[PDB]
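First comes the structure, then the notes that go with it.
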Amino acid sequence: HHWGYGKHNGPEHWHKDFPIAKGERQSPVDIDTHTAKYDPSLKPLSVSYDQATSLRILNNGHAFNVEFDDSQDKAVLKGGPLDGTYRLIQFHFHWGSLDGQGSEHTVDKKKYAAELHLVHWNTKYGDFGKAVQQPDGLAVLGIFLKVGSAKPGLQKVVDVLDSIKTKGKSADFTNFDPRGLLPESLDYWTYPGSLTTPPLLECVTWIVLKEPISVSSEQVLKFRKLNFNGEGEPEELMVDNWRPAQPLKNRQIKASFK
Ligand SMILES: NS(=O)(=O)c1ccc(SC[C@@H](O)C[Se]c2ccccc2)cc1
Ligand SMILES: NS(=O)(=O)c1ccc(SC[C@@H](O)C[Se]c2ccccc2)cc1
Ligand SMILES: [Zn+2]
């Protein structure tokens with residue numbers, strides 16, 4: 001058996017193999033917008049993706065990852081709450097079976113249809129596997145998706161999903177520009193947290209953008225045609241691959257904006 005998002009292996013079970021699931025800085029969380037304090041000392045985010053090199057897209061059985069060449073400083077996140085340089089390694093999404101759920105973070109308990117995670121690692125630790133062992137090892141840029149108008153920059157991702165339907169499938173995915181997934185504003189909330197899947201390591205500076213991106217109903221319907229299963233196995237649609245909000249405990253969510 002293995003962790004997943006089913007009735008028998010979902011988030012309420014993860015603590016049995018990953019006891020840090022009940023830890024002091026777990027993600028995601030509810031963002032209470034009235035309780036978040038504006039921190040005028042936070043810097044604007046610097047998102048430098050013009051030289052991003054996408055390589056491949058992979059169905060890992062839990063989501064799909066768009067992977068980048070992170071062997072050099074090609075696509076980096078700096079500024080905001082961060083010290084130093086964080087290199088883009090991959091992005092992925094979490095989404096629902098219906099439009100009223102799917103995001104991992106919530107905003108005043110509102111769930112969005114989906115959530116994009118752009119995963120970056122702190123270059124002072126040399127590699128991703130070292131960085132996840134450190135409290136400031138990762139920076140994940142989270143962007144909410146709502147259903148409305150299509151996102152034109154998402155369609156190249158949507159159109160390749162039929163080629164990676166099942167767990168373990170990958171496809172070449174070069175020249176994808178992740179700037180096409182951003183909203184107009186880089187206003188954000190930030191707090192110290194964790195990976196939202198096992199192994200749930202407490203290594204993430206979360207940066208969650210206030211402005212959602214709009215995607216079309218047809219775009220998210222295509223995410224929901226993916227499979228958790230491998231080829232030839234009984235079909236289990238890849239939907240509701242989100243962890244619910246965890247206790248905030250002794251943490252403060254800071255806002256970049258008034
Ligand atoms: N999250 S975790 O790592 O602590 C973990 C590890 C192992 C397990 S046992 C899971 C199995 O009993 C049942 Se799957 C099933 C459900 C419906 C239909 C067919 C088969 C659960 C969670
Ligand atoms: N949803 S999320 O953005 O918080 C997120 C981001 C990245 C992951 S990578 C999970 C595992 O494949 C790699 Se952890 C590992 C890697 C090397 C050595 C030890 C442990 C998980 C969740
Ligand atoms: Zn994620």
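Sequential numbering from 1, following the chain as shown.
Per deposition record, X-ray crystallography, 1.4 Å.
Note: Cβ is positioned from N, Cα and C throughout, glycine not excepted.
Here Swiss-Prot has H92, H94 binding Zn(2+), and the candidate from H117, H120 in that same listed site is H117.
Screening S97, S163, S194 against Swiss-Prot annotations picks out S163 (annotated as phosphoserine). Of the candidates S103, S170, Swiss-Prot records phosphoserine for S170; the remaining residues carry no such annotation there, which does not rule it out for them. Classification of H94 (Zn(2+) binding site) by DSSP places it within a strand. Non-local contacts of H92 (Zn(2+) binding site) by the CB criterion (under 8 A, 6+ apart in sequence, same chain) comprise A63, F64, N65, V66, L116, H117, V119. A 10 Å cutoff on Cβ-Cβ distances gives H94 (Zn(2+) binding site) a total of 26 other Cβ atoms nearby, all chains included.
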